[PDB]
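Visitor: Before I ask anything, here is the structure I am working with.
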Amino acid sequence: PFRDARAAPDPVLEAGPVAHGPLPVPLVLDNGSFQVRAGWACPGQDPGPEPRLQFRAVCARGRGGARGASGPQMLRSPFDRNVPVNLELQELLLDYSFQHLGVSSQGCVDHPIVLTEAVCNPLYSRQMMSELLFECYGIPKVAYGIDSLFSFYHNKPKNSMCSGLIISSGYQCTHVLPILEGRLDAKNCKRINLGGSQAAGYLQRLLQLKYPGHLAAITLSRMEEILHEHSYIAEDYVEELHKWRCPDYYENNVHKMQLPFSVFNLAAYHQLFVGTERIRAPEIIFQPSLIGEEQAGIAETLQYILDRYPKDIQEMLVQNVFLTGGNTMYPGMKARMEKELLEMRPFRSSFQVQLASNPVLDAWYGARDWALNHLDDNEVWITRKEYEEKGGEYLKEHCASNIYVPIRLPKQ
Amino acid sequence: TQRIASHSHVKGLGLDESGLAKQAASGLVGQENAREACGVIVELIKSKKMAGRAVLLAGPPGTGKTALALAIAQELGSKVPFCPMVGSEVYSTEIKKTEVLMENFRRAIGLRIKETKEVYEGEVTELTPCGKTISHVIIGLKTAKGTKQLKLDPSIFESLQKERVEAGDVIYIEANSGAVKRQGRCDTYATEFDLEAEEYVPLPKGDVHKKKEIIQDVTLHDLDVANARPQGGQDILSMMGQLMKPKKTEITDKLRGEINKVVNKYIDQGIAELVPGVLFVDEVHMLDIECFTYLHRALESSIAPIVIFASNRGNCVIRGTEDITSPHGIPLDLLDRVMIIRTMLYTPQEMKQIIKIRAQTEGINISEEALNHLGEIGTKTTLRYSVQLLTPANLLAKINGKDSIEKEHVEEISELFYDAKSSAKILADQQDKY
Ligand SMILES: Nc1ncnc2c1ncn2[C@@H]1O[C@H](COP(=O)(O)OP(=O)(O)OP(=O)(O)O)[C@@H](O)[C@H]1O
């Protein structure tokens, strides 16, 4: 059967668990369209003791304005396509995180932060975000970096310059990030405009049209369970679905995902038999024409971005294919990726496919390790006063952050 | 599985390391004096130095002459040409008698030619021609084991273009032969139309690039024939080749002179090595006096193979002499050119061993009480009749629901199928009704 999801934990804190040593201790903030997660950087502690505040990045407020259910409690989200594009909800989303993390005393957030952002971020979105973050929250210095390259930075052997493909896959996008001696090669980097949200929406739509007898009993928040728990990506899809064609293998693998009970009852309380549906939804990021989209998908994009390099520099980045983000939770994801890669590498040539030590939380642990290592750097952070002489589109180009384009934004 | 045959049990001469015969070995029994003589002939053929030297296996019907000639073939194995012919094969209607001898003498001398068989196969990812016309063609190949690019010559590209190849076809290229085969469109394109008149093959589950050191076998007669007449020249892909049917033809001794002078030019380079072989002119008594008299050149010539003759005829007339009797049916002038090996009638115990070797080869379980009867019926008749009863007797035993021969099965078969000498008595009695 399904479970049901948690709500309303009590992660309340003091003015803040501010660590010893130098005065600043930064917040580590990860923003993505599935979940926000945030914690103090906890310097001098080798394992992060708690990536605090795991909660769904979706919020509600009363029709008289009287209360705001920002935490895990219909609802709305401040992102579009895994970039933040909001003010009036983005503030109450930040407020919830700071209020649970602890606020020191005065009319600003106390101490510096690393805030995770989209691969490329539209200049206006970083401007709107830095404007919120300096006008309302007043942070003394700020770092912007990428969830994917942070999770890579954690999974590195060392504080060393590296080359690789980051195969990222968040809630509403999956991106192939080629990197060259720590620099994200944003000139020829690519993304597929699909992810876990669209695979879960597809898995909902499949079971809606399979079971019109109870369109209300299935729901997106239950599809998120069977998509994480019981779905798997094929070793190769046209062969997996061929072994699903025979009733003996089908009956051995079709899942009794029962609805909660009050004819054999199943007309109202079905076992919701999922068979090829526990494959189809995972395959969306490899074959997005399953949801009708004409995008090249994660296998042909990896070929298309890779073959644009000189042959002698394709090797030392296929030497670190790095799988990361929420969809890489699927069992078999490494085993699929190394086949899709063997089918396109030169005949004898080596490749290496690494999976993030945690498929998703390593974005935050990466931003933590990054902030801990870069805490006392000057040139690496946007310092508060720089926002009076740079327009808020500005970026510092540290490792695990995007290219900066010398530019300005007109506004009134 | 394989089919059992009249000789499928003989696997060698069965001689020991001294060159003397074992009583029963490598599927043969008895016959020691002739087997020891064949031991010397196997050493002669393995020694390569000799040309045209020849042997006659002489002796009664059903005494092992063809079994020993095939034992020589098995001692040498596939690595040295053994060419079997009946003397009756000489009567062609497209070429003269004394040509068919020379063709078969040239089949018994081999060339052994090593080459590194070098196969590429996979989905063609691209074809891109590169002089201003075509210097070379880059081709890309993919399989579920990886990818390669090849730099094809323009003649291989003409072959891709004759095979009607396009990007996404699954191709087999052989880099030695320049052979090209389209195998189908790669099935990743099987949705390109909902019906198209093509076969879609899955992307190969194998290497883009495969190597063997293959070791080719070819004979001077393959060279003589493939160089004498103008070749068919085109891979079908033509219709001039509809008009002129082939025939066998009297290949001139002047061409064979050049084929010899060319093969010397290649074996000096070590590109090929020679394997002097055996021609087995089985039942040589069926050659005509003109064929026999041509052997008085062919056995002298410094190129010729070793030749093994066989005969079972008495003091009979030489075929085509209309009058002249001579031993083994062979002219005395040729019989003075061959080393004769005698062949003998067996004792009953030596037949009984052959009956068991036949049974345990032919797949028959046989009880001793029936094997003693086939040993006796061999003495009443001939060795080949006894051996021929085994499968019929087993096949009645199988129909009678039994796992083995017993006396009643062979006894019933004896009274059901006659031998060549009991049947001759029926024809001598009923003489006026046949
Ligand atoms: N060790 C053996 N010794 C002699 N003959 C054997 C032996 N092994 C097999 N044979 C027998 O050889 C017989 C057939 O070939 P064989 O040489 O006797 O024919 P042939 O009459 O003598 O000569 P030809 O082939 O010219 O007719 C078979 O019955 C086979 O069982």
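In the structure tokens, chains take the letters A, B, ... in the order shown, each chain's residues start at 1, and ligands count up from 1 in the order shown.
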Output the contact residues of chain A with respect to chain B at a cut-off of 9 Å, based on only C-alpha atoms, as a CSV table (one decimal) with N, CA and C atoms, in the first residue's frame.

Guide:
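Dumped everything to result-v6.csv:
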```csv
chain,number,residue,atom,x,y,z
A,339,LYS,N,25.5,2.1,-19.9
A,339,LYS,CA,25.2,1.5,-21.2
A,339,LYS,C,25.0,2.6,-22.3
A,340,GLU,N,24.2,3.6,-22.0
A,340,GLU,CA,24.0,4.7,-23.0
A,340,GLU,C,25.3,5.4,-23.4
A,341,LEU,N,26.3,5.4,-22.5
A,341,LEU,CA,27.6,5.9,-22.7
A,341,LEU,C,28.6,4.9,-23.5
A,342,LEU,N,28.5,3.7,-23.1
A,342,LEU,CA,29.3,2.6,-23.9
A,342,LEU,C,28.9,2.6,-25.3
A,343,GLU,N,27.6,2.8,-25.6
A,343,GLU,CA,27.0,2.8,-27.0
A,343,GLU,C,27.4,4.0,-27.8
A,344,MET,N,28.2,5.0,-27.3
A,344,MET,CA,28.6,6.2,-27.9
A,344,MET,C,30.1,6.6,-27.7
A,345,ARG,N,30.8,6.0,-26.8
A,345,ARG,CA,32.3,6.2,-26.7
A,345,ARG,C,33.1,5.4,-27.7
A,346,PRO,N,34.2,5.9,-28.2
A,346,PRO,CA,35.1,5.2,-29.1
A,346,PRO,C,35.4,3.8,-28.5
A,347,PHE,N,35.6,2.8,-29.4
A,347,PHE,CA,35.5,1.4,-29.2
A,347,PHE,C,36.2,0.8,-27.9
A,348,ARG,N,37.5,1.1,-27.8
A,348,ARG,CA,38.3,0.6,-26.6
A,348,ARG,C,38.3,1.6,-25.5
A,349,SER,N,37.8,2.8,-25.7
A,349,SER,CA,38.1,3.9,-24.7
A,349,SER,C,37.4,3.7,-23.4
```

Visitor: How would you write, as a ChimeraX atom specification, the set of residues no farther than 7 Å from ligand 1 when counting only C-alpha atoms and all ligand atoms?

Guide: /B:6-7,10,27-31,59-68,282-283,310-312,354,358,383-384,387

Visitor: Quick one: residues within 8 Å of residue A:281, only C-alpha atoms counted, chain neighbours fewer than 2 positions away excluded, as a PyMOL selection string?

Guide: chain A and resi 199-200+202-203+227+231+277-279+283-284

Visitor: With N, CA and C atoms retained, could you export that selection as a JSON list (two decimals), in the first residue's frame?

Guide:
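In the end it all went to out_33.json:
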```
[["chain", "number", "residue", "atom", "x", "y", "z"],
["A", 199, "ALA", "N", 7.58, 13.81, -14.74],
["A", 199, "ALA", "CA", 7.44, 12.37, -14.63],
["A", 199, "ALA", "C", 6.36, 11.96, -13.63],
["A", 200, "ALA", "N", 6.24, 12.65, -12.50],
["A", 200, "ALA", "CA", 5.18, 12.41, -11.53],
["A", 200, "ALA", "C", 3.82, 12.84, -12.07],
["A", 202, "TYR", "N", 3.05, 12.89, -15.28],
["A", 202, "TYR", "CA", 2.79, 11.83, -16.25],
["A", 202, "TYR", "C", 2.29, 10.55, -15.59],
["A", 203, "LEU", "N", 2.91, 10.12, -14.49],
["A", 203, "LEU", "CA", 2.48, 8.94, -13.76],
["A", 203, "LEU", "C", 1.08, 9.12, -13.15],
["A", 227, "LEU", "N", 6.83, 6.72, -7.44],
["A", 227, "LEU", "CA", 7.93, 7.17, -8.27],
["A", 227, "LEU", "C", 9.29, 7.08, -7.56],
["A", 231, "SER", "N", 9.41, 2.62, -8.70],
["A", 231, "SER", "CA", 9.80, 2.82, -10.10],
["A", 231, "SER", "C", 11.30, 2.63, -10.31],
["A", 277, "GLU", "N", 4.16, 1.08, -16.14],
["A", 277, "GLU", "CA", 4.10, 2.40, -15.52],
["A", 277, "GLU", "C", 5.25, 2.63, -14.53],
["A", 278, "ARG", "N", 5.74, 1.59, -13.84],
["A", 278, "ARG", "CA", 6.93, 1.70, -12.98],
["A", 278, "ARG", "C", 8.25, 1.77, -13.77],
["A", 279, "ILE", "N", 8.19, 1.77, -15.11],
["A", 279, "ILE", "CA", 9.32, 2.06, -16.02],
["A", 279, "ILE", "C", 9.10, 3.37, -16.80],
["A", 283, "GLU", "N", 11.70, 6.81, -17.55],
["A", 283, "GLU", "CA", 12.24, 7.01, -18.90],
["A", 283, "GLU", "C", 12.00, 8.41, -19.48],
["A", 284, "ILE", "N", 11.11, 9.23, -18.91],
["A", 284, "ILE", "CA", 10.80, 10.57, -19.41],
["A", 284, "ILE", "C", 12.06, 11.40, -19.69]]
```

Visitor: Write out as JSON, numbers by chain the residues lying within 10 Å of residue A:148, counting only C-alpha atoms and excluding same-chain residues fewer than 2 positions away.

Guide: {"A": [116, 117, 118, 119, 145, 146, 150, 151, 152, 153, 166, 167, 168, 169, 170, 175, 176, 177, 322, 323, 324, 325, 356, 360, 362, 363, 364, 366, 367, 400, 401]}

Visitor: Going by DSSP on the backbone, which bits of stretch 237-379 of chain A are alpha helix (DSSP H)? Write them as a VMD selection string, please.

Guide: chain A and resid 237 to 243 247 to 253 277 to 283 297 to 306 311 to 318 333 to 342 362 to 374

Visitor: Have a look at atom CA of residue A:193 and atom CA of residue A:81 and let me know their distance in Å, one decimal.

Guide: 7.5 Å

Visitor: For residue A:261, list every protein, DNA or RNA residue within 10 Å, evaluated using only C-alpha atoms, and leave out those in the same chain fewer than 6 positions away; present the list as a PyMOL selection string.

Guide: chain A and resi 268-270

Visitor: Quick one: everything within 9 Å of residue B:167, counting only C-alpha atoms, minus sequence neighbours fewer than 4 positions away in the same chain. Send it as a VMD selection string.

Guide: chain B and resid 123 to 127 185
